[PDB]
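Chemist: Provided herewith is a single structure, encoded as C-alpha cells, for subsequent inquiry.
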Amino acid sequence: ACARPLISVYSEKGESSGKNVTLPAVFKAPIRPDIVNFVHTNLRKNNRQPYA
Amino acid sequence: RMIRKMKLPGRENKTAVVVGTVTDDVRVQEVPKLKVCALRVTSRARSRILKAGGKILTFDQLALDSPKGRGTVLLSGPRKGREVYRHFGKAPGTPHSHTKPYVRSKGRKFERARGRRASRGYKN
Amino acid sequence: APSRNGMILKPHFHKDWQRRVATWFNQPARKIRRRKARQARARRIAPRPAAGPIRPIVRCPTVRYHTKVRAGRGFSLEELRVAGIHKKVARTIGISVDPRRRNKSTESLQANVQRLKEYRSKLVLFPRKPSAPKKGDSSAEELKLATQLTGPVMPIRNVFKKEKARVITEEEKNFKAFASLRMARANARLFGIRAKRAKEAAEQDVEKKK
Amino acid sequence: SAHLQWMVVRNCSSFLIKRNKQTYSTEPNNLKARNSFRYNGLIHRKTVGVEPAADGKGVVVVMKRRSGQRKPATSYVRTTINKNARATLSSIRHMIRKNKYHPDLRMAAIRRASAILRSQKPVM
Amino acid sequence: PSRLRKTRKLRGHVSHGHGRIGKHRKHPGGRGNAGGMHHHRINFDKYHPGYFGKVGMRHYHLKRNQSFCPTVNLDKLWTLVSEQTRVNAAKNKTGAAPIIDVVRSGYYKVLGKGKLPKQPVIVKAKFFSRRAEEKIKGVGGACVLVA
RNA sequence: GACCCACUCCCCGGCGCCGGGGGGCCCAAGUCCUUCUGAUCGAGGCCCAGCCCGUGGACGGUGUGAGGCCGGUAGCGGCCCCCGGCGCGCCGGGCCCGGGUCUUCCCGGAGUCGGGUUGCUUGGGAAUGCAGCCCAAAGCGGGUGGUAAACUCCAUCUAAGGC
RNA sequence: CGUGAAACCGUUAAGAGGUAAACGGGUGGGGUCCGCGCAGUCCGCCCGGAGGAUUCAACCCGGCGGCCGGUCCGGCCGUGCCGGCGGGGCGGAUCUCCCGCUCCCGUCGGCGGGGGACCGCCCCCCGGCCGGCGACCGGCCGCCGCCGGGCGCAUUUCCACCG
RNA sequence: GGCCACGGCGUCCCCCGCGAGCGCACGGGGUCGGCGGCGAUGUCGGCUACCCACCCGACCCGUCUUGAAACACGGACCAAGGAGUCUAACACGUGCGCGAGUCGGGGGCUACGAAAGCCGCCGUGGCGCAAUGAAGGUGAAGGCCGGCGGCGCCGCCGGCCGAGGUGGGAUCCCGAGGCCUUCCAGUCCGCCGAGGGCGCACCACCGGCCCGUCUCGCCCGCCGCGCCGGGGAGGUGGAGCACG
RNA sequence: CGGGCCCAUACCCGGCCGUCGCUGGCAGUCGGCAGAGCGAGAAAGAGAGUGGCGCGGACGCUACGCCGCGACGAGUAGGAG
RNA sequence: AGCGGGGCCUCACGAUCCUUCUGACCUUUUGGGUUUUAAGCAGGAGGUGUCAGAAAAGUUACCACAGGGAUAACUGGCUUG
Ligand SMILES: COC(=O)C[C@@](O)(CCC(C)(C)O)C(=O)O[C@@H]1C(OC)=C[C@]23CCCN2CCc2cc4c(cc2[C@H]13)OCO4
Ligand SMILES: [Mg+2]
Ligand SMILES: [Mg+2]
Ligand SMILES: [Mg+2]
Ligand SMILES: [Mg+2]
Ligand SMILES: [Mg+2]
Ligand SMILES: [Mg+2]
Ligand SMILES: [Mg+2]
Ligand SMILES: [Mg+2]
Ligand SMILES: [Mg+2]
Ligand SMILES: [Mg+2]
Ligand SMILES: [Mg+2]
Ligand SMILES: [Mg+2]
Ligand SMILES: [Mg+2]
Ligand SMILES: [Mg+2]
Ligand SMILES: [Mg+2]
Ligand SMILES: [Mg+2]
Ligand SMILES: [Mg+2]
Ligand SMILES: [Mg+2]
Ligand SMILES: [Mg+2]
Ligand SMILES: [Mg+2]
Ligand SMILES: [Mg+2]
Ligand SMILES: [Mg+2]
Ligand SMILES: [Mg+2]
Ligand SMILES: [Mg+2]
Ligand SMILES: [Mg+2]
Ligand SMILES: [Mg+2]
Ligand SMILES: [Mg+2]
Ligand SMILES: [Mg+2]
Ligand SMILES: [Mg+2]
Ligand SMILES: [Mg+2]
Ligand SMILES: [Mg+2]
Ligand SMILES: [Mg+2]
Ligand SMILES: [Mg+2]
Ligand SMILES: [Mg+2]
Ligand SMILES: [Mg+2]
Ligand SMILES: [Mg+2]
Ligand SMILES: [Mg+2]
Ligand SMILES: [Mg+2]
Ligand SMILES: [Mg+2]
Ligand SMILES: [Mg+2]
C-alpha cells in the first residue's frame with residue numbers, strides 16, 4: 001500500500017525515545033515466497049566444494 | 001495495438017483490459033488519454049500513459065469499478081508473434097512450404113545447394 | 001540417427017577431450033592473489049600513480065572502431081620532441097614512450113602534445129636527496145600534499161561536439177545524397193578503364209593525325 | 001493483509017503438525033487447534049483465545065485490540081474469569097456477540113471454555 | 001533434481017522404457033549424422049534441403065570488421081535523441097532543425113521503413129537509401145554525408 | 001668539429017646506529033547446592049546483578065551428552081632467542097660524466113635470401129610452416145600486401161647475431 | 001571377546017503325516033496371547049425429595065475494551081492534486097559570462113574547461129481541496145460489554161446427592 | 001338409473017388474485033414411545049497372526065518368441081554389492097525477472113565467506129531489433145484537390161487525407177418493448193430482450209511493399225554528358241515487411 | 001418335438017472404491033445495528049419514492065477446502081499423473 | 001478456321017563432387033589500375049544397369065569369434081506323389 005506509518009527509535013533502556021522515522025517502502029514491497037525460495041535454492045549452491 | 005484498437009470508431013472512453021503485459025512502443029509519437037487494466041505494465045509504458053493523462057488499474061480495482069465488465073474492451077497481444085511459429089507447418093524441402101529450417105548459422109555454405117538450386121539437382 | 005525435425009550438429013568431442021578439461025575452481029583464489037599483488041605494488045611505489053605511467057590518445061584501427069579513442073602503448077618520438085621532453089628522461093619521470101608509433105596527421109600529434117604539457121604541469125617532483133633541493137623540484141608546500149591517485153592518471157574519454165539547430169538552406173534541401181553515392185561508386189569503379197579507353201582513342205587519333 | 005499472510009503461512013509455518021492423515025496448528029489463539037483460515041490465531045485483525053488460568057481455576061479470555069497491529073507487546077488484552085460455568089459461558093457469549101467481535105467463532109469459544117472448565121473439575 | 005526424472009518411475013519395469021522386441025542397442029544407425037545420403041537420405045531431404053553440394057565463390061581472408069555496417073530505420077530515428085529536442089523543435093517558430101548523428105549513436109546506414117513525424121530535421125549519416133532520403137525530403141529537411 | 005646554455009645530487013667494498021619471518025614459555029570463568037548413574041559431561045535451582053567469564057559459546061580429551069575440569073579458542077595480548085630488507089653517518093674505492101643548433105662524415109649479419117622438385121605438416125586453398133637434393137643473389141636493395149603471371153603506383157617493416 | 005540377522009543344524013513343546021511338497025477362496029477345530037472384559041454406556045433441560053453457601057438481579061465507585069459523533073476537536077499518510085513574489089540535489093543529443101591551449105603584428109577570429117538560463121524528476125518550508133487511518137490514530141462525548149470492590153441476604157443464584 | 005377436477009350475483013358483445021383449524025397416509029432411501037437370556041476360575045469376544053482338517057480351484061519363475069508348464073536356455077540356498085549417469089549442443093513445453101531490449105558469465109572495488117554486495121564512459125561483446133543476392137550491391141504504402149509544360153501520365157509545386165480490404169469471429173455497445181399486489185399516471189436505479197453496430201487473437205482469400213531474375217518500354221539528373229546514375233508496367237524465385 | 005430345471009466376471013436392482021464429465025454448488029456464518037428465499041415448465045425487482053417483557057439462533061469454508069448429480073472401470077510394448 | 005513446342009497412347013533411362021562446351025560491353029581475383037589466368041552465375045554433355053548412384057579376386061579338411069532352431073544335415077510331427 002501507500003500508507004507508511006512512523007516507527008519510533010527505542011533507547012538503550014528499552015523505552016521509546018522521542019525520535020521516530022517513516023517506514024521505508026521496501027517493507028511495503030510485494031512478498032513473493034515462491035521466488036524467494038527459488039533464489040535461495042539457486043544461491044545456496046554457490047558455496048559448495050567439489051567432490052569426485 | 002492498444003491505441004489503434006481504442007481509436008477504432010464507436011468505442012470511445014472505454015476501459016481496455018489485457019490479461020497480459022502492456023509494453024512501451026518507441027515508434028509512436030502521440031498517446032491519447034487511455035484507460036488501462038493489465039497484470040503488469042512496463043515502467044516506460046506506465047510513464048507514457050500517466051504523462052499523457054490516463055489511468056492504470058489492477059484487476060481488483062477493475063472488479064470494484066465494474067464487477068460485470070460493463071463498458072470494457074478486451075484485447076490480447078499477437079499469439080503468433082513468437083519465432084517458433086516460423087518453424088511449424090509443412091516441412092521444408094517440400095513444394096510450396098515456406099517453413100524456416102533449423103540451421104546453426106545463416107550463410108553461403110549453410111544449406112543452400114542441393115535441394116534449393118535448380119542447377120544442383122532439383123528444386124522442390 | 002536423426003529423428004524428425006531437428007538441427008544437425010557437429011560437436012567437436014572426437015578427440016581425447018576429457019584429458020584436457022581446465023576447471024576454474026581456483027578463480028576466487030586467483031582474484032584474491034591478483035588484488036593482493038596489486039596492493040603490494042601500489043604500496044611499494046609510494047607516491048607514484050598506482051596505475052603506472054601516463055599513456056596517449058589513440059584512434060582504433062579498423063573502420064568498425066575508428067570513431068573511438070583509447071589508450072595506446074606510449075607517446076611517439078615526434079610528440080616528445082615537440083613537447084620538449086627528452087627520450088631517456090621521459091621514462092624516468094613517468095611517461096610511456098615507444099619508437100614504433102608514426103604520426104600521419106597533425107591533429108593527433110597536437111592533442112598528444114597538449115596532453116603531455118598538461119601532465120608535465122600536473123606532476124610533482126621530489127628531491128632525490130631530501131636535504132638538498134634542485135632547480136625544477138617542487139616546494140614543501142606541495143611535497144606535503146602529494147598523494148597517490150586511483151585509476152588511470154588522465155582518463156581518456158571521448159566527447160562529442162555540441163551541434164545546435166540550424167535553418168536548412170535550399171542547397172542542402174536540393175542535394176541528392178543517394179545519387180551522389182551511386183555516381184561516386186560508378187566513377188571509382190570505371191576510372192581505370194575509362195582512362196585506358198581514352199588512351200587508345202588518342203592513339204588512333206595521333207595515328208590518323210600524323 | 002489476512003489473505004496474503006494466510007497464503008504465505010498455509011503450508012510453511014512452524015506451528016503445523018502433519019501426521020496420521022491429520023493436520024493441526026499450535027499457535028496460541030487458535031480455537032479448535034486446526035490449520036484453517038477462519039480459525040487461525042495470528043493473521044487476523046481480531047481474534048479471541050480461551051486458555052486456562054495459571055492459577056488452575058477458571059479461564060482467561062484474550063481479545064486483540066484495534067490499534068496496535070505492529071506492536072505485539074500491547075496488542076492482546078487478557079480477561080481472567082473465575083466464576084461458575086453458566087455465568088462464565090454467558091460472559092464469553094456477551095463479550096463476543098454484543099461487541100460484534102469476530103462473531104464467526106462464539107460457539108467454538110464457548111465449546112473450548114466448557115472443555116477447559118470440565119478439565120479443571122477434578123476427576124472421579 | 002534426479003527425484004523428478006523418468007528414471008525413478010522405471011524402477012521395476014524390465015526394459016527401462018525401451019521395449020523388449022527391439023532392445024536398446026548401442027549405435028543401431030551409425031555414429032553422429034552419417035548415412036545422410038544412404039539410409040537417412042529422406043530425413044535429410046525432408047528437413048535439410050540444400051545440405052549437400054557447393055555454391056557460390058570463396059573468400060580466403062575475410063574481415064567482418066571490414067564489412068561492418070549497422071542500419072537504423074526512420075521509425076527508430078527520433079529515439080536517438082532526447083525527446084526534449086523534439087519538443088523544442090516542434091515548439092519553436094524560427095524553423096531551426098535539430099541535428100542527428102547516427103554515426104555517433106552507432107549506426108552507419110539509414111533505411112526508411114515507416115512514417116516520419118512532420119518536423120524538419122538534418123540527418124548526418126554515412127550511407128542513405130533512396131526511400132529514406134525521399135521521406136526525409138518529404139518531411140522537409142536535408143541529408144548530409146559524413147566519413 | 002664549431003657556436004651557446006647548464007652541472008657538481010652516481011655506484012660499490014666494509015664499519016657503526018634507528019623500528020616481516022622461524023622458534024620457545026605463557027595470559028577468563030562452577031567441578032556451587034540438591035538429585036539420576038557402574039561412572040557424570042544428565043535434570044532442577046543459583047533473586048531485585050534473572051550463578052560467573054565472554055574481543056574467549058571453534059575443537060579435542062576426560063568412566064555417557066562440558067562456554068566455565070584440562071589443552072586450547074579471542075585479543076594491533078606479554079616476554080624471551082636468531083635472520084632479512086627498507087634508513088642513518090662513517091672510512092675507502094671507481095668516475096670526473098650533460099643538453100640545443102649548424103656543418104662535415106659514417107651506416108649493417110650469404111651456400112643465406114630467393115627459385116625448382118620431393119616428403120611431412122597446416123584452416124592456409126596454382127603450395128601455411130619445416131626439411132633433403134639442385135640452382136643460387138642484390139643494394140633507390142630485400143621481405144610482406146591470403147589466386148598463378150607480366151607491367152605500373154602506393155603502404156609497411158629491415159631477415160639470415162644475442163639477453 | 002561391541003551389537004550378532006539369514007541360509008544351515010541340535011533339542012524342547014504343540015500339531016500332522018499312503019496320491020512330493022507347497023498355493024488361492026470358504027469354513028470348522030485346537031492353541032499362545034489381548035480386552036487387565038464378567039452385572040454394563042452415558043451428556044444436557046425440567047419435576048420432586050432431602051442439604052450447604054456470601055449468593056442472584058438492580059444500584060454506586062474504579063479500570064479496561066468494542067462501535068460510533070449526519071458534520072466534535074487534533075494529528076499522520078498517498079503508487080492524490082492545485083497553488084509558490086519559496087530553498088536545494090540529480091539529469092538533459094535544450095541555450096548562452098569568464099579561464100587554459102593553439103593558430104596572428106595589447107588585437108579579429110578557433111578549440112577544451114568552469115560560470116549562469118531553461119526544461120524534467122525528487123526532498124524540504126507555507127497554503128488550499130480529495131481520500132484513507134480495515135497493512136497507517138490521540139483527546140472529549142454517547143451507547144454497549146467485561147473485570148475488581150461495595151451495597152444487596154435469600155420464594156434469588158449456585159454447588160453435591162437421591163427418585 | 002347412474003356419474004362428475006359440475007356449484008354466486010351484476011351487466012355489457014356472440015349463437016343457442018391472501019378463510020381458519022385439525023387429523024390420516026401405498027406420499028423427496030428404517031424405525032420401534034418392542035422384547036428375551038447369560039455371565040468370576042471358567043466363560044465371553046478377538047473378520048487378521050500359529051497348527052491341523054475338509055470342499056472347490058490351482059503346472060515354475062524370469063526370457064526370446066506367432067506360439068512356454070515345456071523334451072528351449074539361466075536358477076542348490078542365504079547375506080552384502082549390482083546397471084539410463086555427468087558434461088556440451090540443440091529443439092519444444094512449462095515457471096520466474098525485465099522487456100525493444102536483455103545478460104556481467106571476464107575483469108575490477110569492498111569462522112560461515114571459495115559466499116554476498118557493488119560497478120554503467122567497465123555492455124567490449126552475445127542474442128534480438130531486416131531481409132535478400134554467388135557477388136559487386138540493394139534494402140520494406142499511397143491517393144486526392146488546382147494550374148503550367150512534354151484525356152491521361154511525369155515534375156515545379158502548395159494544401160489535405162493519410163499505414164489496406166472481404167468473410168467468420170469470444171467478448172463489448174445501442175435499444176421496439178417488458179419485469180404486478182387493488183387501480184391510474186409519471187420519476188430514479190437495476191435487470192431481460194426483437195433488431196442493429198465497433199470488432200481482439202486466429203483462420204481463409206484478395207490487394208500492396210523489400211531483395212534476385214526475366215520480358216516490354218519510354219522519361220528524369222548532372223562537377224565530371226559517360227560502356228554514367230535513377231525511375232515504371234507485368235510475371236516469377238526468398239528462411240522477408242505489412243504498429244516488434 | 002413339449003414343459004421344467006442348473007449357472008459366467010454377461011444383463012437387472014442395491015452398497016462401497018476410484019476416474020471422467022456437469023470447465024456443477026458454497027465468501028450468505030449479510031443475527032436485536034436481526035428478520036432466515038432463490039428447485040422451479042415457459043425472459044427480466046421479497047425495487048424505491050411522487051400525486052390521484054424475556055438478550056437467544058448446531059456443524060461449516062486446510063477455497064490446493066468441502067459438498068451434490070450422472071456415466072464409466074480388460075490390458076503387453078509404451079506414455080503420463 | 002485451325003494445327004504444331006517430337007514419334008496415335010501406354011516403356012525406351014541417371015543425383016552430389018569433378019571435367020568439358022555454350023551466354024553476358026555479367027560479378028570477384030582482394031592496398032589501386034591495365035592485361036593473361038583462375039573462381040562464380042545459367043543451360044547442355046562425360047555415369048553410376050546392384051539402375052535414390054561404395055573404388056574391390058580366391059581358399060581354409062589348420063581355423064577363430066558373436067549369434068541363429070528366423071536356416072540345412074539325424075530323430076519326432078502334417079501329407080502320401
Ligand atoms: C558329442 O557329440 C555330439 O554331441 C554329437 C554331435 O556332434 C554329432 C552330430 C554331428 C557331427 C553331425 O553334428 C551332434 O551335433 O549331435 C547333435 C545333437 O547333440 C547330441 C543333437 C542332434 C539334434 C537332435 C538329435 N541329434 C542327435 C545327433 C545328431 C546326429 C546327426 C546330426 C545332428 C545331430 C544333433 O546331423 C547328422 O546326424
Ligand atoms: Mg526413436
Ligand atoms: Mg508396462
Ligand atoms: Mg521410452
Ligand atoms: Mg530383452
Ligand atoms: Mg531402435
Ligand atoms: Mg542410445
Ligand atoms: Mg566430550
Ligand atoms: Mg547443571
Ligand atoms: Mg560445563
Ligand atoms: Mg567441550
Ligand atoms: Mg582454562
Ligand atoms: Mg586458557
Ligand atoms: Mg593433416
Ligand atoms: Mg636480427
Ligand atoms: Mg631478432
Ligand atoms: Mg559378539
Ligand atoms: Mg529350532
Ligand atoms: Mg512331537
Ligand atoms: Mg478337484
Ligand atoms: Mg496341482
Ligand atoms: Mg532367452
Ligand atoms: Mg521357434
Ligand atoms: Mg515361461
Ligand atoms: Mg514338448
Ligand atoms: Mg538343450
Ligand atoms: Mg539362447
Ligand atoms: Mg543349470
Ligand atoms: Mg542388496
Ligand atoms: Mg521454445
Ligand atoms: Mg448398479
Ligand atoms: Mg464395467
Ligand atoms: Mg484399466
Ligand atoms: Mg505459343
Ligand atoms: Mg505419325
Ligand atoms: Mg560426395
Ligand atoms: Mg592478389
Ligand atoms: Mg599489385
Ligand atoms: Mg587336408
Ligand atoms: Mg524353425
Ligand atoms: Mg528319421
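By order of appearance in the C-alpha cells: chains A, B, ..., then residues from 1 within every chain, and ligands from 1 in the order shown.
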Taking only C-alpha atoms (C1' of nucleotides) and all ligand atoms into account, list the residues no farther than 12 Å from ligand 14, as a PDB file with N, CA and C atoms (P, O5', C5', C4', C3', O3' and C1' of nucleotides), in the first residue's frame.
Modeler:
ATOM      1  P     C F 120      53.913 -37.446 -47.873  1.00  0.00           P
ATOM      2  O5'   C F 120      54.067 -36.739 -46.453  1.00  0.00           O
ATOM      3  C5'   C F 120      54.483 -37.474 -45.313  1.00  0.00           C
ATOM      4  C4'   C F 120      54.938 -36.569 -44.194  1.00  0.00           C
ATOM      5  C3'   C F 120      53.884 -35.670 -43.569  1.00  0.00           C
ATOM      6  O3'   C F 120      53.067 -36.340 -42.624  1.00  0.00           O
ATOM      7  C1'   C F 120      55.835 -34.413 -43.993  1.00  0.00           C
ATOM      8  P     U F 121      51.559 -35.850 -42.361  1.00  0.00           P
ATOM      9  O5'   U F 121      51.707 -34.330 -41.916  1.00  0.00           O
ATOM     10  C5'   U F 121      52.121 -33.985 -40.603  1.00  0.00           C
ATOM     11  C4'   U F 121      52.235 -32.490 -40.438  1.00  0.00           C
ATOM     12  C3'   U F 121      50.946 -31.704 -40.595  1.00  0.00           C
ATOM     13  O3'   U F 121      50.155 -31.702 -39.424  1.00  0.00           O
ATOM     14  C1'   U F 121      52.647 -30.670 -41.856  1.00  0.00           C
ATOM     15  P     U F 122      48.566 -31.530 -39.535  1.00  0.00           P
ATOM     16  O5'   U F 122      48.366 -29.993 -39.899  1.00  0.00           O
ATOM     17  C5'   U F 122      48.721 -28.972 -38.980  1.00  0.00           C
ATOM     18  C4'   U F 122      48.482 -27.599 -39.557  1.00  0.00           C
ATOM     19  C3'   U F 122      47.100 -27.350 -40.134  1.00  0.00           C
ATOM     20  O3'   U F 122      46.135 -27.055 -39.143  1.00  0.00           O
ATOM     21  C1'   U F 122      48.728 -26.572 -41.649  1.00  0.00           C
ATOM     22  P     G F 123      44.701 -27.771 -39.182  1.00  0.00           P
ATOM     23  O5'   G F 123      43.791 -26.753 -39.998  1.00  0.00           O
ATOM     24  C5'   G F 123      42.651 -27.195 -40.718  1.00  0.00           C
ATOM     25  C4'   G F 123      42.210 -26.159 -41.721  1.00  0.00           C
ATOM     26  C3'   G F 123      43.244 -25.765 -42.763  1.00  0.00           C
ATOM     27  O3'   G F 123      43.266 -26.660 -43.859  1.00  0.00           O
ATOM     28  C1'   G F 123      42.228 -23.824 -41.855  1.00  0.00           C
TER      29        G F 123
END
Chemist: When the cut-off is 9 Å and we count only C-alpha atoms, which residues of chain B are near chain C, given as a count of residues only?
Modeler: 5
Chemist: Considering only C-alpha atoms (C1' of nucleotides), extract the chain C residues located within 10 Å of chain F and return them as a list in words.
Modeler: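 Residues of chain C within 10 Å of chain F, counting only C-alpha atoms (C1' of nucleotides): residues 86, 127, 128, 129, 130, 131, 132, 133 and 134 of chain C.
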Chemist: List every residue of chain G that has an atom at most 12 Å from any atom of ligand 21, and for each one report the closest atom pair and its distance in Å to one decimal, counting only C-alpha atoms (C1' of nucleotides) and all ligand atoms, with rows sorted by chain and then by increasing residue number, as a Markdown table.
Modeler:
| residue | atom | partner | partner_atom_place_in_ligand_line | distance |
| --- | --- | --- | --- | --- |
| G:19 | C1' | ligand 21 | 1 (Mg) | 11.2 |
| G:20 | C1' | ligand 21 | 1 (Mg) | 10.9 |
| G:21 | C1' | ligand 21 | 1 (Mg) | 10.7 |
| G:22 | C1' | ligand 21 | 1 (Mg) | 9.5 |
| G:23 | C1' | ligand 21 | 1 (Mg) | 9.0 |
Chemist: Residues within 10 Å of ligand 17, counting only C-alpha atoms (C1' of nucleotides) and all ligand atoms: report them as a PyMOL selection string.
Modeler: chain G and resi 1-4
Chemist: Give me a file of those residues, with C-alpha atoms (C1' of nucleotides), as a PDB file, in the first residue's frame.
Modeler:
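Below is the file that was written, out-v2.pdb:
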ATOM      1  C1'   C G   1      35.827 -61.317  23.117  1.00  0.00           C
ATOM      2  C1'   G G   2      30.582 -54.407  20.660  1.00  0.00           C
ATOM      3  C1'   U G   3      25.696 -55.412  18.622  1.00  0.00           C
ATOM      4  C1'   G G   4      25.029 -60.708  16.449  1.00  0.00           C
TER       5        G G   4
END
Chemist: Hey, which residues sit close to ligand 41? Say within 12 Å, counting only C-alpha atoms (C1' of nucleotides) and all ligand atoms, and write them as a PyMOL selection string.
Modeler: chain J and resi 73-77
Chemist: Identify, with DSSP run on backbone atoms, the residues in range 115-146 of chain E assigned to alpha helix (DSSP H), and express the list as a PDB file with C-alpha atoms, in the first residue's frame.
Modeler:
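Written out: part_26.pdb:
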ATOM      1  CA  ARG E 130      16.613   6.175 -51.804  1.00  0.00           C
ATOM      2  CA  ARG E 131      13.319   5.868 -49.923  1.00  0.00           C
ATOM      3  CA  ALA E 132      14.834   7.109 -46.656  1.00  0.00           C
ATOM      4  CA  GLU E 133      16.146  10.192 -48.450  1.00  0.00           C
ATOM      5  CA  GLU E 134      12.789  10.664 -50.183  1.00  0.00           C
ATOM      6  CA  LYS E 135      10.881  10.516 -46.891  1.00  0.00           C
ATOM      7  CA  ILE E 136      13.294  12.931 -45.217  1.00  0.00           C
ATOM      8  CA  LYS E 137      12.840  15.361 -48.112  1.00  0.00           C
ATOM      9  CA  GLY E 138       9.061  14.938 -47.989  1.00  0.00           C
ATOM     10  CA  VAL E 139       9.178  15.880 -44.320  1.00  0.00           C
TER      11      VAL E 139
END
Chemist: Should the cut-off be 10 Å, what would the residue list for chain G against chain C look like, counting only C-alpha atoms (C1' of nucleotides), as a PyMOL selection string?
Modeler: chain G and resi 93-95+100-102
Chemist: Go ahead and write the residues just picked, C-alpha atoms (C1' of nucleotides), as a PDB file, in the first residue's frame.
Modeler:
ATOM      1  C1'   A G  93      21.926  14.992 -28.026  1.00  0.00           C
ATOM      2  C1'   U G  94      17.751  22.385 -24.751  1.00  0.00           C
ATOM      3  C1'   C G  95      20.611  27.581 -24.694  1.00  0.00           C
ATOM      4  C1'   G G 100      43.541  27.256 -20.222  1.00  0.00           C
ATOM      5  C1'   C G 101      45.536  25.643 -25.331  1.00  0.00           C
ATOM      6  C1'   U G 102      46.933  26.732 -30.371  1.00  0.00           C
TER       7        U G 102
END
Chemist: Kindly determine which residues of chain G lie within 12 Å of chain D, considering only C-alpha atoms (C1' of nucleotides), and give the answer as a PyMOL selection string.
Modeler: chain G and resi 55-56+64-67+133-138+143-148+157-159
Chemist: Store the residues of this selection in a file with C-alpha atoms (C1' of nucleotides), as a PDB file, in the first residue's frame.
Modeler:
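Output contents, as saved in result19.pdb:
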ATOM      1  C1'   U G  55     -25.301 -15.777  46.605  1.00  0.00           C
ATOM      2  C1'   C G  56     -28.612 -13.773  42.167  1.00  0.00           C
ATOM      3  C1'   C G  64     -10.120  -1.948  30.512  1.00  0.00           C
ATOM      4  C1'   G G  65     -12.286  -2.833  25.684  1.00  0.00           C
ATOM      5  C1'   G G  66     -15.650  -2.554  21.019  1.00  0.00           C
ATOM      6  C1'   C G  67     -18.683   0.713  17.801  1.00  0.00           C
ATOM      7  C1'   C G 133      -6.262   5.576   9.063  1.00  0.00           C
ATOM      8  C1'   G G 134      -9.689  -2.124   7.690  1.00  0.00           C
ATOM      9  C1'   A G 135      -1.144  -3.003   6.029  1.00  0.00           C
ATOM     10  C1'   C G 136      -1.488   3.625   8.737  1.00  0.00           C
ATOM     11  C1'   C G 137      -4.584   7.205  15.480  1.00  0.00           C
ATOM     12  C1'   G G 138      -4.867  10.824  20.125  1.00  0.00           C
ATOM     13  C1'   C G 143     -24.059   3.599  23.847  1.00  0.00           C
ATOM     14  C1'   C G 144     -22.793  -1.293  24.842  1.00  0.00           C
ATOM     15  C1'   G G 145     -19.632  -5.156  27.045  1.00  0.00           C
ATOM     16  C1'   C G 146     -16.279  -7.250  30.556  1.00  0.00           C
ATOM     17  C1'   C G 147     -13.450  -7.236  35.357  1.00  0.00           C
ATOM     18  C1'   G G 148     -12.353  -5.734  40.629  1.00  0.00           C
ATOM     19  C1'   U G 157     -28.376 -17.687  42.223  1.00  0.00           C
ATOM     20  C1'   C G 158     -25.063 -21.712  42.607  1.00  0.00           C
ATOM     21  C1'   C G 159     -22.673 -26.354  44.476  1.00  0.00           C
TER      22        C G 159
END
Chemist: Residues within 12 Å of ligand 28 should be enumerated using only C-alpha atoms (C1' of nucleotides) and all ligand atoms and returned as a VMD selection string.
Modeler: chain H and resid 73 to 76
Chemist: Return as a count of residues only every polymer residue, whether protein, DNA or RNA, with at least one atom no more than 12 Å from an atom of ligand 8; count only C-alpha atoms (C1' of nucleotides) and all ligand atoms.
Modeler: 11
Chemist: Once you count only C-alpha atoms (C1' of nucleotides) and all ligand atoms, which residues end up within 10 Å of ligand 18, and could you hand them over as an MDAnalysis selection string?
Modeler: chainID G and resid 9:12
Chemist: Taking only C-alpha atoms (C1' of nucleotides) into account, which residues of chain D are within 12 Å of chain I, as a ChimeraX atom specification?
Modeler: /D:3,6-7,9-11,16-18,21-25,33-40,90,93-94,97-100,102-108,111
Chemist: Between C1' of residue 84 in chain G and CA of residue 91 in chain E, what is the distance in Å, rounded to a tenth?
Modeler: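 That distance, rounded to one decimal, is 26.2 Å.
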Chemist: If we count only C-alpha atoms (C1' of nucleotides), which residues of chain A reach to within 9 Å of chain H? Please list them as a ChimeraX atom specification.
Modeler: /A:35,38,43-44,46-49
Chemist: Report as a compact mmCIF listing (two decimals) with C-alpha atoms, in the first residue's frame which protein, DNA and RNA residues come within 7 Å of ligand 6, using only C-alpha atoms (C1' of nucleotides) and all ligand atoms.
Modeler:
# COMPACT_ATOMS: atom_id res chain seq x y z
CA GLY E 22 13.90 -54.18 -30.31
CA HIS E 24 18.28 -50.68 -26.59
CA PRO E 28 21.96 -49.14 -34.45
Chemist: Could the residues that lie within 10 Å of ligand 5, counting only C-alpha atoms (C1' of nucleotides) and all ligand atoms, be listed as a list in words?
Modeler: residues 14, 15, 18, 19, 20, 21, 22, 23 and 24 of chain E; 63 and 64 of chain H
Chemist: So which residues are near ligand 3, meaning at most 9 Å away with only C-alpha atoms (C1' of nucleotides) and all ligand atoms counted, given back as a ChimeraX atom specification?
Modeler: /E:13-14,17 /I:76-78
Chemist: Store the residues of this selection in a file with C-alpha atoms (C1' of nucleotides), as a PDB file, in the first residue's frame.
Modeler:
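Listed below is the output, part.pdb:
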ATOM      1  CA  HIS E  13       9.845 -52.444 -15.262  1.00  0.00           C
ATOM      2  CA  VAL E  14      12.199 -54.823 -17.034  1.00  0.00           C
ATOM      3  CA  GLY E  17      11.181 -47.966 -21.220  1.00  0.00           C
TER       4      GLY E  17
ATOM      5  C1'   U I  76       1.700 -56.482 -23.076  1.00  0.00           C
ATOM      6  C1'   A I  77       5.342 -52.763 -25.737  1.00  0.00           C
ATOM      7  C1'   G I  78       4.762 -47.615 -24.442  1.00  0.00           C
TER       8        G I  78
END
